[PDB]
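# Understanding the architecture of this molecule
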Amino acid sequence: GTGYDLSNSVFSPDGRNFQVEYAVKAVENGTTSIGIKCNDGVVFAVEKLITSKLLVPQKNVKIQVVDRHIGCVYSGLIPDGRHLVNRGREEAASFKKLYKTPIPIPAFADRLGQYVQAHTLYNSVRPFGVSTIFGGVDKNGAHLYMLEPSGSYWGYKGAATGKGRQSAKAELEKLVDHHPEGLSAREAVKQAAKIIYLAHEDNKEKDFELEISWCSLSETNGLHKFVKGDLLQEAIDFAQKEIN
Amino acid sequence: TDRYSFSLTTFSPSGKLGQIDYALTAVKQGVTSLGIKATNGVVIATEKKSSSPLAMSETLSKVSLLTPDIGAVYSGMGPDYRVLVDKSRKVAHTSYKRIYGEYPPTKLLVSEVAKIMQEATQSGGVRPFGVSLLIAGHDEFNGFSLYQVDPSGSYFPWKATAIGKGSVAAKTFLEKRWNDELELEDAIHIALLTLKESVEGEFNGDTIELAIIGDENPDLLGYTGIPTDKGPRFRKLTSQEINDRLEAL
Amino acid sequence: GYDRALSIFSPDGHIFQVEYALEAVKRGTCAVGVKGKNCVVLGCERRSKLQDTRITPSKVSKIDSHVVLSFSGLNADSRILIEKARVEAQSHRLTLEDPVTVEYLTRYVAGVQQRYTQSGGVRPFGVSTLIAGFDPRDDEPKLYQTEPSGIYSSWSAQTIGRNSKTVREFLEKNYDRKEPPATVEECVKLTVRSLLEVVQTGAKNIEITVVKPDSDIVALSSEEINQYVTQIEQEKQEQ
Amino acid sequence: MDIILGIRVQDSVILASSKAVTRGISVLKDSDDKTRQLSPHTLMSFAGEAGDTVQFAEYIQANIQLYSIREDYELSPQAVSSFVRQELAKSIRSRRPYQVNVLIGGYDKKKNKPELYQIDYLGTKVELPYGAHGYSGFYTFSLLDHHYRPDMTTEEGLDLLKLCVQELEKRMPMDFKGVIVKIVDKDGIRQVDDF
Amino acid sequence: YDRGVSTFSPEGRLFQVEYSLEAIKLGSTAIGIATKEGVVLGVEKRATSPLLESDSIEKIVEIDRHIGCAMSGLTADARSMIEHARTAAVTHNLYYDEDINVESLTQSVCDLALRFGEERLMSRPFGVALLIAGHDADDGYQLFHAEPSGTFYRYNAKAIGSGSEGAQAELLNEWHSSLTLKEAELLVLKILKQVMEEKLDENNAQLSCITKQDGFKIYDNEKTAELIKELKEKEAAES
Amino acid sequence: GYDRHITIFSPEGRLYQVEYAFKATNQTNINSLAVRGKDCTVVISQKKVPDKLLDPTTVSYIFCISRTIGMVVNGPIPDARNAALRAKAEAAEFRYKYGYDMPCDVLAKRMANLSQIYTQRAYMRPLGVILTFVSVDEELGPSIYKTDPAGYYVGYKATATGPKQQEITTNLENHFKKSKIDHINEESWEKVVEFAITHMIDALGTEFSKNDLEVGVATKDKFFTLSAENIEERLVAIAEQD
Amino acid sequence: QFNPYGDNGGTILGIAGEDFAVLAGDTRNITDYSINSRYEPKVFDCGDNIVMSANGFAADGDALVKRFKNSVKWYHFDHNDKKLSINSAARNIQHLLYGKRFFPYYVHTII
Amino acid sequence: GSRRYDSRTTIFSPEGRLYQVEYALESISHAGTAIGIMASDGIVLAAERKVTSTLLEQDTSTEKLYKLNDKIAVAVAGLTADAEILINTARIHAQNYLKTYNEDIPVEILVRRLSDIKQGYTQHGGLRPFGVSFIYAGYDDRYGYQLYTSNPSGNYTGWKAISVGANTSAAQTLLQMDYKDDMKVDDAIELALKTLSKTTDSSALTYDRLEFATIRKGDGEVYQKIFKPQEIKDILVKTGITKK
Amino acid sequence: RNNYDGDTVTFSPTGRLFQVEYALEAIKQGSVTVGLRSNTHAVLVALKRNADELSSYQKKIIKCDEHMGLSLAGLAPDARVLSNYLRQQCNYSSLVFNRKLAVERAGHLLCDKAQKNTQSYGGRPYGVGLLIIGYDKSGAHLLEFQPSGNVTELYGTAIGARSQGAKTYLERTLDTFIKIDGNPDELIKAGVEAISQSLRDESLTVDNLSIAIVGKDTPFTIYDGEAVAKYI
């Protein structure tokens with residue numbers, strides 16, 4: 001037979017759901033976004049394409065916050081990412097209302113995964129066109145997770161998605177192999193700036209603005225905060241030195 | 001959202017209902033299960049075909065008690081039979097016992113299951129059941145009875161009948177060996193002889209599942225004190241009894 | 001639950017379901033209505049045996065003591081339309097303390113059909129209707145036609161059903177607006193002639209119902225229709 | 001304080017309904033007709049709470065006329081009384097019960113027999129040779145028990161109803177401003193002009 | 001049936017909207033001219049048979065005492081729109097003790113046009129276009145064209161229906177800002193006679209006017225015949 | 001052609017979507033066996049961490065449904081987590097409504113009935129996963145019950161699921177034909193874990209490190225999962241075995 | 001039992017002139033025998049040259065004034081910034097009040 | 001989404017017919033033939049069993065003739081389960097009428113109710129129609145004895161003698177040949193048996209392959225008798241179709 | 001491609017949503033409208049399009065609150081729906097929090113409103129693009145909203161037919177118009193020049209030009225008709 005890719009949640013004879021893979025293709029066409037789990041926390045970084053200099057710099061924020069300790073970035077259909085972030089915010093609000101404590105990172109990951117998986121269960125709904133790198137600090141330490149359009153999520157030492165995902169992943173593997181002891185918070189921020197600058201090579205036609213946030217127990221008291229001011233310029237300078 | 005509010009079973013230009021015939025085809029490919037009505041009870045037997053020998057044979061019950069006087073066996077898709085048995089056990093209470101204080105008769109429970117299956121063949125976004133049922137029951141005012149229920153929602157009373165793969169051949173045997181003067185033991189013997197041809201592997205009490213609607217078992221009531229409440233008429237034959245009846249063939 | 005848009009627009013600007021309902025109307029029995037000077041006459045065709053004419057439902061149905069409705073097409077949908085019209089007539093009697101006008105009832109049935117053409121999960125009515133009667137305190141006859149599309153219009157004489165084009169042309173050639181049929185007999189005669197132009201079977205397949213002001217509805221027996229057909233066939237002997 | 005009387009006299013049913021509608025200390029109307037013609041051979045008089053009476057009567061009338069139009073057949077007085085009793089028995093266990101009592105008088109053409117049914121707001125239906133709703137019964141029933149004969153004529157029934165109305169005007173503490181009297185028989189429903 | 005009712009075209013259009021526009025193109029002609037002395041609306045009573053009483057061809061309706069409406073296309077679909085418009089007008093009068101603005105009424109009517117799909121909405125868009133004429137104290141006399149696309153425009157003059165295209169051309173050539181009421185009536189009658197497939201008489205053409213003094217009035221056949229005779233005299237006095 | 005897209009009967013009386021979900025169960029290329037002891041139940045599954053950037057502690061196909069029931073899933077991890085959440089919710093609801101812990105077979109039958117629902121309803125797709133519940137029921141002893149996307153559920157003396165399912169099944173069948181018993185006659189659960197790992201080594205013909213296996217042990221009123229160090233200690237004891 | 005209403009005192013007064021109008025109110029807000037506030041205005045400008053004051057239960061009066069100001073805002077939104085005539089505002093306030101016919105605003109209104 | 005699989009059961013054909021209605025009629029055309037005859041003093045229903053076998057218990061069997069109340073019976077042609085659903089609704093409607101008016105429901109009212117149900121199933125809801133044709137045999141004190149017929153389209157008509165199911169053409173021809181208005185109930189029995197024996201597809205017309213019922217006046221009330229297999233065999237050997 | 005433009009619920013083999021792209025194309029066939037901003041003001045210029053000489057020029061700029069407004073390009077009813085949603089959100093903010101709705105949050109809420117249609121079966125994407133100007137506690141803001149859901153904050157932009165010319169004009173004149181502080185008339189004239197740069201065989205008249213201005217000490221005001229003559 002044929003036509004198995006025309007409706008969502010339809011199993012093909014090879015045991016696949018082609019709509020999920022098409023959503024993954026839509027994700028791969030998006031900008032690069034990375035996450036690095038260090039010793040005391042996590043760092044998220046993203047590349048924003050400056051199609052024109054009419055875009056107001058430092059605006060059009062792509063990294064979103066859930067609760068006060070969860071950071072989420074996504075590659076793909078930005079509106080689907082915002083939808084997923086709103087769903088996660090509702091889940092975290094209900095979790096705090098019921099169990100008092102802020103929601104743990106694995107719990108939030110499972111909530112988002114169940115949501116996306118349910119979105120891959122019916123032909124009346126379209127799969128999410130985003131890959132989401134999220135994480136933060138809870139009572140069990142730092143956690144970093146990546147969640148695919150299939151609803152499949154995993155915990156990562158380092159994660160990356162987008163056009164430059166290949167290069168970024170290679171660089172992250174280098175960071176994992178060279179530093180088994182672990183990176184610090186600001187060191188991870190500078191390395192994320194470097195990795196984003198290296199990943200931009202797959203979309204060199206346009207210029208890019210780097211956006212970095214971090215959630216670390218030592219530098220931010222376990223809260224997700226945007227890397228701004230002097231540290232952002234320091235990371236940009238480190239990346240520009242690592243390039244040339 | 002469940003947007004399948006339309007019928008998945010529609011009349012073809014020839015007048016056939018495709019899904020009904022396809023469920024019947026699924027039934028024909030199922031393991032053979034037969035039933036024989038005697039003058040002092042009814043017998044229902046089937047083959048307990050196990051996929052892997054590592055599987056527990058007792059955990060694969062093809063005969064299910066519906067009421068203490070009504071049991072059922074099937075041929076077709078196991079899970080559909082299981083959910084139908086659950087629905088039947090529930091409707092036996094919500095539609096009769098909780099209204100009349102007594103369990104339903106055989107014809108009424110069979111008609112309720114047939115109504116369930118007919119709804120499954122006309123409601124929105126649902127396929128028919130891929131099972132044919134043989135329900136054997138006894139009530140005080142109609143005696144013993146055996147009914148066959150098809151995926152179409154139709155049910156027929158049978159003196160004896162088989163359903164499944166070699167059912168046709170099995171039916172011929174019944175037609176040659178059935179008489180209106182049969183005893184429950186004679187019916188069990190005829191059922192064993194009929195099932196012996198429909199099977200090819202081992203033919204023992206662990207490969208056959210047989211049950212009877214016969215006399216009341218006061219020893220199976222669990223309590224003694226009310227002489228009016230007799231025991232249950234449904235009884236599943238143990239493997240030892242099946243082998244003891246097989247050794248004398 | 002089921003809300004699929006069955007009646008939609010086509011690239012050429014057509015609603016195919018409404019046109020197919022009109023086609024179903026074209027397959028239905030014939031039904032003509034003629035306005036007199038003081039009466040209305042509804043004639044209907046009873047197709048082709050072994051039928052109990054005592055208990056079988058007639059095409060002409062009473063909506064209220066003063067207004068009647070005949071139809072052409074699927075009888076099963078016509079029953080639903082007639083019941084809705086009767087219920088709305090009783091409700092209007094209850095709320096307005098005045099029986100429905102022929103135009104109000106016609107407009108209600110037409111609105112129901114239009115809703116069925118525009119609602120989701122439902123098909124249009126395969127029924128075209130002829131509503132005839134007199135206003136509660138008016139002697140002027142009223143004859144309206146409604147279509148599956150929801151259009152309703154007044155008519156001095158109009159037919160629907162099978163071979164309705166021939167009957168409509170015969171009426172256009174034999175109905176004079178300057179002088180309508182003065183007596184009830186003239187209107188009934190014109191109706192039965194217009195029917196015999198298509199039925200070609202006799203009075204056995206012709207039903208006649210005459211409505212007259214102040215709620216005087218009379219259904220002619222087979223004997224009166226036989227009198228009419230014999231009179232017109234005797235007048236036909238001229239050559 | 002409404003007078004609703006009825007009497008069955010071999011050939012017809014006679015229904016009498018008070019003409020007075022009083023809201024407070026003011027007689028607003030003295031010519032009110034407390035009956036509704038459900039069918040050409042079935043009339044219904046009503047009494048009870050303000051507004052509920054006419055609403056219930058006209059609703060029942062619309063339903064009976066709808067049945068007559070749909071089936072081209074006049075319902076027997078027994079079936080009409082059963083339908084009214086069902087509606088009133090559903091009213092009591094509703095949100096706002098209809099506080100209406102009805103007297104249904106009808107000539108069954110099938111049996112060629114006059115019938116009188118009395119139903120209260122609760123759904124208590126009884127077939128009676130003579131019936132009365134409210135305190136009027138406390139004066140009429142025994143009186144009828146003494147003067148009623150099953151073989152009475154419509155004129156004798158009118159005289160008996162006149163006697164009942166005279167006793168009511170004498171002993172009742174309220175001026176119901178007379179009674180409207182109606183006769184239901186095989187020839188339909190007619191009204192007595194001066195009573 | 002292979003796409004949804006709320007499906008965009010590769011050109012960026014709604015299929016059902018354009019199909020409903022094509023359907024309206026097959027409808028009767030409805031022309032409107034807005035001046036400083038009032039707004040005139042003229043429609044064609046397209047009769048399919050001489051037996052149809054042309055008085056029952058109601059293609060010009062009154063929304064409110066100061067707002068009138070003309071319909072073109074599937075006129076059955078316009079019944080719900082006209083009812084919604086009348087209820088909106090009277091409800092605005094009830095809430096604010098004043099007359100609803102013509103633009104506000106047109107917008108309220110258009111809010112229903114795109115309320116379709118598969119909260120239970122309609123199955124298809126409307127198959128009728130509307131010309132809504134009115135007078136309010138803010139913008140004076142106004143004429144609005146309302147499509148089933150939910151979009152509405154304001155026109156100094158607008159023609160819809162069969163042969164409206166070329167009609168619009170003539171409406172561009174003969175309309176000026178200082179045009180009067182009688183001139184608008186004569187122009188509507190002339191364009192209707194041009195775009196009609198029959199001889200223009202008071203039985204196949206209907207006129208109506210919205211004036212600040214007398215509100216919305218539909219002209220009786222006498223005034224229409226007088227204006228037709230005047231138009232014939234004027235056109236006969238040319239070269 | 002539409003009969004192969006939704007859960008309706010084909011002209012041959014088959015449901016192709018169910019068969020394709022069965023096919024999708026093997027998408028992960030992970031095999032898992034389950035065996036019963038004297039008073040415990042062991043499940044072993046393959047732990048494949050292909051990416052270096054992955055956290056190995058988060059890569060798991062075994063789930064602690066309740067304090068007594070564990071479940072190992074063969075199939076994609078989205079549907080696996082869906083079934084795990086549903087099973088945990090069902091166990092909690094059972095304990096609340098009926099006042100005693102949900103039996104293994106009862107949870108298996110519930111999940112199989114939900115699978116049958118997905119098989120007969122066309123609005124939702126079957127979950128392309130095979131679920132193996134294991135427990136030590138207070139009335140049944142060590143219990144292994146498996147359910148599949150078709151709605152079937154059945155108990156086992158031992159079982160296996162995956163691409164190499166037939167080989168492991170045959171190995172277990174041969175061992176139980178030799179021993180002439182229906183379980184592993186060993187008192188300690190550590191030796192039963194060792195036995196299961198050893199027979200998986202024999203069936204698959206490949207060696208395993210401590211980071212290549214997932215072990216779930218169910219004893220009376222406690223289901224747990226072994227850490228990498230306990231798995232490595234069992235592997236050392238298996239290497240000492242001759 | 002919870003009483004949903006309260007008394008906040010105060011007094012307002014409206015007088016219409018030839019080409020002007022005046023709406024005045026005391027700026028005293030009280031509860032029982034205590035002074036809540038010595039300056040709490042209760043006569044508000046609602047736009048379109050219309051002043052409004054609902055005196056009585058301060059919560060219901062504030063809610064009514066807010067709903068009427070939102071009403072004039074949406075009247076401008078839905079009618080191309082048409083000026084709200086005083087009669088139109090009066091009827092709109094009648095409908096706003098009768099909306100709670102069975103749970104009224106415990107206020108006396110003057111515009 | 002889901003519209004791809006919707007067959008649209010309640011749509012018209014370009015000719016002006018309902019596809020599912022015509023196909024359900026074609027389905028009923030393969031069902032066992034049923035015949036109703038209304039004589040001067042009774043009504044007779046006779047039908048042939050399609051499901052026929054030596055092992056079929058015919059005593060407790062009911063597949064063609066059903067009771068609606070004490071004065072109305074139905075002969076079914078088509079899907080037995082849909083027939084039983086409609087018969088249950090008809091019994092409930094009859095008892096509702098009885099509770100409301102304290103009178104037995106007239107035959108035409110019940111027929112119109114059931115036919116309106118079958119019609120509504122063919123106009124909205126998107127469900128397949130009931131593949132069942134009904135022959136109603138009833139008595140009431142308004143029209144006397146009544147014979148009606150209804151099809152899945154929702155239409156119902158009154159008859160003196162009528163047939164549904166298979167071979168309706170030959171059966172109707174034989175009925176029109178041998179029917180007379182002044183005939184009695186026994187003559188109608190004879191005619192129904194002869195028509196079934198001449199229009200059957202089986203070899204011979206035996207008792208075990210037929211269902212029979214008679215609504216007659218014999219006291220002062222009407223009695224509704226569903227024939228037992230022995231009574232069918234006796235009436236067959238009396239008419240001469242069989243011998244003993 | 002062929003079998004992937006049936007609804008918003010179907011992804012293409014390359015990962016595209018063709019119904020969203022068809023809504024974008026519906027925008028591209030709409031009349032042009034430009035928006036720009038400085039540090040004190042924000043201007044929206046709108047080229048209203050007519051059908052004929054007798055027709056009106058459809059209003060393109062919609063006011064959402066005294067500090068926020070938008071201009072449309074595309075389907076007018078979808079723009080009305082989104083503007084009503086924005087008015088309701090601003091009103092909710094002002095009533096519940098006594099807080100003027102920021103422009104960023106309004107853009108986020110319109111992003112959510114647009115995304116809620118591009119994932120559920122039934123319905124369609126919005127067929128309009130919006131240019132939202134506002135002045136809040138953060139200063140002046142200009143946002144471009146597409147039916148894909150992506151809302152971007154810009155100094156200047158233009159949407160509709162031939163909008164690339166105006167976009168390049170603002171690109172060249174950025175350093176000039178970003179510094180037009182305190183003088184709204186110069187910003188309005190710059191926007192008018194920008195919209196003139198996108199007129200192929202067209203000319204600005206007194207009936208076809210629409211202006212909108214909002215900024216410091218300047219509520220969102222619309223200028224139509226004679227009021228725009230000074231800028232033509």
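Check the entry above for the structure.
Residues numbered from 1 in each chain as written, not as in the entry; some residues may be left out. Chains lettered and ligands numbered in written order. Part of a larger assembly, values for the part shown. Heavy atoms only, no water. Residues with missing side-chain atoms left out of burial classes, pairs and counts.

## Brief notes about the overall build of chain G
The condition that has to hold: Helix and strand definitions follow DSSP, with helices as H or I runs of at least four residues and strands as E runs of at least two, each counted in order from the N terminus. Between two residues, a contact is recorded if the distance between any of their heavy atoms is within 4.5 Å. The accessible surface values rely on the Shrake-Rupley method and a 1.4 Å probe; as for residues, cover is taken only from the protein chains in view.
Broken down by element type, chain G carries two helices and seven strands. If you list the helices and strands of chain G from N to C, you get β-β-β-β-β-β-α-α-β. Each principal axis of the C-alpha distribution contributes one length, and for chain G these read about 45 × 35 × 20 Å. Counted over contacts in chain G with a minimum sequence separation of 6, partners at least 24 positions apart contribute 54%. With the model as given, the accessible surface of chain G reaches about 7000 Å², and the carbon-plus-sulfur share is 54%.

## Focus: the packing of helix α2 (residues 78-99) of chain A against helix α3 (residues 103-115) of chain I
To be explicit about the condition: What counts as an axis is a line fitted to C-alpha atoms, over the stretch in contact for a helix, and the angles between N-to-C directions run from 0 to 180 degrees. Here is the rule for angles: anything less than 35 degrees is roughly parallel, anything more than 145 is roughly antiparallel, 65 through 115 is roughly perpendicular, and the remaining ranges are oblique. Charged means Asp, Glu, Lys or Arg here, nonpolar means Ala, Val, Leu, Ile, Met, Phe, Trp, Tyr, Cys or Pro, and polar covers whatever is left, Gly included.
One can describe the packing of α2(A) onto α3(I) by two numbers: an axis separation of 9 Å at closest approach and a directional angle of 100°. Of the possible angle classes, the one that applies to α2(A) and α3(I) is roughly perpendicular. In this structure, α2(A) contributes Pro79(A), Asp80(A), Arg82(A), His83(A) and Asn86(A) to the contact, and α3(I) contributes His108(I), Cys111(I), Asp112(I) and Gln115(I). Across the contact of α2(A) with α3(I), the residue classes tally to two nonpolar, four polar and three charged.

## Some thoughts on the interface of chain E and chain G
Selection criterion: Salt bridges, as used here, are contacts in which a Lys or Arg side-chain nitrogen is within 4 Å of a carboxyl oxygen on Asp or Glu. A 3.5 Å cut-off defines polar contacts: any pair of N or O atoms within that distance qualifies, except that in protein one atom must be a possible hydrogen donor and the other a possible acceptor, and neighbouring residues in sequence count only when both atoms are side-chain atoms.
On the chain G side, the residues contacting the 12 residues of chain E number 13 residues. At the surface where chain E touches chain G, the tally comes to three salt bridges. In this structure, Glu98(E) and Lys82(G) form a salt bridge, with 4.0 Å as the shortest nitrogen-oxygen distance. Our count for the contact surface shared by chain E and chain G stands at 11 residue pairs in polar contact. Looking at the side of chain E that touches chain G, the elements with two or more residues in it are α2 (78-96) and α3 (102-110) of chain E. In terms of residue count, the dominant contributor to the side of chain E that touches chain G is α2(E) (five residues). Classifying every residue of the side of chain E that touches chain G gives three nonpolar, four polar and five charged.

## Side note on the interface of chain C and chain H
It is common to report an interface's size as the accessible area lost on association of the parts. Convention followed: The quantity reported as buried area is the accessible area (1.4 Å probe) lost by two parts once they are put together, taken as the sum for both.
Opposite the 31 residues of chain C that make contact, chain H presents 41 residues. Here chain C packs against chain H, burying approximately 3000 Å² in sum over the two surfaces, 53% of which is carbon and sulfur. Summed over the shared surface of chain C and chain H, the result is three salt bridges. Note that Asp116(H) and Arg79(C) form a salt bridge whose closest N and O atoms lie 2.7 Å from each other. For the interface between chain C and chain H, the tally reads 15 residue pairs in polar contact. At the level of secondary structure, the elements contributing two or more residues to the side of chain C that touches chain H comprise α1 (16-27) and α2 (75-96) of chain C.

## Quick notes on a nonpolar patch on the surface
The condition is simple: Patch building starts from residues that exceed 30% relative accessible area and form no salt bridge, then joins like charges within 9 Å and nonpolar side chains (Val, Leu, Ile, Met, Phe, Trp, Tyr) within 5 Å.
A cluster of nonpolar side chains, namely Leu13(G), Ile15(G), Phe20(G) and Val22(G), defines an oily patch on the protein surface of about 380 Å² accessible area. Structurally, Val22(G) is set in strand β2 (residues 21-25).

## Examining the sheet that holds strand β7 (residues 152-154) of chain E
All names here are of chain E. Our working definition: The rule for pairing is simple: two strands pair if DSSP sees at least two bridges between them.
Strand order in the open sheet formed by five strands is β3-β4-β5-β6-β7, and the pairing between neighbours is antiparallel. Either end of the sheet is taken by a strand with one partner, and the two such strands are β3 (60-64) and β7. Averaged over all pairs of adjacent strands, the angle between their axes in this sheet comes to 25°, without regard to strand direction. In the sheet, strand β6 (residues 140-146) pairs with β7 via three bridges, with the strands oriented antiparallel.

## Notes on the environment of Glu40(G)
Residue and element names in this part refer to chain G. Counted only if it meets this: Residue exposure (1.4 Å probe, protein chains only): buried if accessible area is under 20% of the type maximum, exposed if over 50%, otherwise partly exposed.
By the element assignment, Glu-40 lies in the loop between β4 (34-37) and β5 (44-45). By relative accessible area, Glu-40 is classed as partly exposed at 41%. For the pair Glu-40 and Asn-8, spaced 32 residues apart in sequence, the C-alpha to C-alpha distance is 11 Å. Beyond its immediate sequence surroundings of up to four residues, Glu-40 is in contact with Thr-27 and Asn-29.

## Focus on the arrangement of the chains
With no contact between them, chain C and chain F keep their nearest C-alpha atoms 13 Å apart. These two, chain D and chain F, are apart from each other, with no contact and a minimum C-alpha gap of 35 Å.

## With respect to the environment of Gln29(B)
Within the secondary structure layout, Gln29(B) lies in the loop between α1 (18-28) and β1 (33-37). Remark: the alpha-carbon pair of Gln29(B) and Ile163(B), spanning 134 residues in sequence, is separated by 9.7 Å. Contacts of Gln29(B), omitting those with residues within four sequence positions, involve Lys165(B) and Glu12(F).

## So, the packing of helix α4 (residues 164-174) of chain E against helix α5 (residues 181-195) of chain E
All names here are of chain E. Defined as follows: A crossing counts as left-handed when the near helix is turned anticlockwise from the far one by less than a right angle, and as right-handed when that turn is clockwise.
As a packed pair, α4 and α5 sit with axes 10 Å apart at the nearest point and diverge in direction by 150°. The orientation of α4 relative to α5 falls into the category roughly antiparallel. The two elements α4 and α5 cross, and the hand of that crossing is right-handed. For the pair formed by α4 and α5, the contact residues are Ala-167, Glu-170, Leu-171 and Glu-174 on the first element and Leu-187, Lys-190, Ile-191, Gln-194 and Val-195 on the second. By residue class, the composition of the contact of α4 with α5 is five nonpolar, one polar and three charged.

## Things to note about unusual backbone geometry
Of note in this structure, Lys100(A) is not a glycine but carries a positive phi near 65°. Inspection of the secondary structure assignment puts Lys100(A) in the loop between α2 and α3 (105-119). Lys100(A) gets classed as exposed once you look at its relative accessible area, which sits at 69%. One non-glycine residue, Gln10(D), lies in the positive phi region at around 65°. Of note, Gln10(D) is situated in the loop between β1 (4-9) and β2 (12-18).

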